[PDB]
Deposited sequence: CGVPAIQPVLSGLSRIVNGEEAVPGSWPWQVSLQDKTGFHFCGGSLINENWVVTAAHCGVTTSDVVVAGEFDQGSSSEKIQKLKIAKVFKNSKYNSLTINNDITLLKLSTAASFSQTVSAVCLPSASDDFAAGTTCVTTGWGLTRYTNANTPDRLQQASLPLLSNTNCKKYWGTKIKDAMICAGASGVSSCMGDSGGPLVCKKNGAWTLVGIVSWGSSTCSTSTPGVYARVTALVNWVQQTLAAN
């Protein structure tokens, strides 16, 4: 996990187009017609982790190995969803514990463009200021979504600094990043916020919520994976 066969090249509003297939765990969650409504991350061949607010159902599909959603010829994997595991602690009011697991009916075929992201340990500490990356097909301007996968490097923010803006809206299962010239936007939800852990890309956050106008000077809020990973491991072990 966490090691792309195709290395990404770095240097979402104000992000940049990603190297095709360089974020192999990034999936597109689409309805039965092919309409992209959220992103997600493969954690292994049979499971995808995304946001609870995305409201995924077994009627939706997981699209892996995609880069250009405007390309009909591009080879991808349209995977059916067997069951949806929404964290029962998801708070629809505060948006806390915003995570859901998707169990595929048929396993994804890992390859150069399709593989898993690593999961952190509940005790992992990703220091504020750490430069991480988020990816997705969300709006690049606050408008239709970009066809090609976008990426952006952004710093993790301390809870104290995040709260300077969002105040008490920041809960224990949330982690902030951004306010640095880039911003996740509509369509990016459920997607990954990854940071390197001993050289391997690890899922630190899941795009959740933020500026209602996708302002690049405001902290973006993500589901804090370290606070939810035990729930993840438990769900996998039981299913």
What residue ranges of the deposited sequence are absent from the coordinates? 12-15, 147-148
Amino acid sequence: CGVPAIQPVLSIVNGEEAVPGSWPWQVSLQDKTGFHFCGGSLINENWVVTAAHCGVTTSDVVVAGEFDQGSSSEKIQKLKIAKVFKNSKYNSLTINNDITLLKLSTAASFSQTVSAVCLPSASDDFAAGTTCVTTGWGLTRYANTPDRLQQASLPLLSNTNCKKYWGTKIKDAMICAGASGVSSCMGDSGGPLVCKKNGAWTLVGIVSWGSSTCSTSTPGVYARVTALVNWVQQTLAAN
From here on, numbers count along this sequence of modelled residues.
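Heads up, when I say rigid core I mean the largest set of C-alphas that superpose within 1.5 Å between the two forms.
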Which is farther from the shown form in 9 other deposited structures of this protein in C-alpha RMS with the core fitted, 152-160 or 133-141? 133-141
Hey, after superposing on the core, which one moves around more in 9 other deposited structures of this protein, 166-174 or 185-193, CA-wise? 185-193
On mean C-alpha B-factor from the PDB entry, just flag whether 171-179 or 65-73 is the higher one. 65-73
For the stretches 146-154 and 105-113, which has the higher mean C-alpha B-factor as given in the deposited record? 105-113
Pick out which of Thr160, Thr100, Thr94, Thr134 has the highest C-alpha B-factor in the PDB entry. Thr160
Report the option among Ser41, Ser59, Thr202, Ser184 whose CA atom has the maximum B-factor in the deposited record. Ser59
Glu45: CA temperature factor from the record, placed by chain third, in the highest
If you rank the chain by CA B-factor, which third does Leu10 end up in: lowest, middle or highest? highest
Ranked against its chain, the third holding the CA B-factor of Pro120: middle
Comparing against every modelled residue in the chain, figure out the third that the C-alpha B-factor of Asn198 lands in (lowest, middle or highest). highest
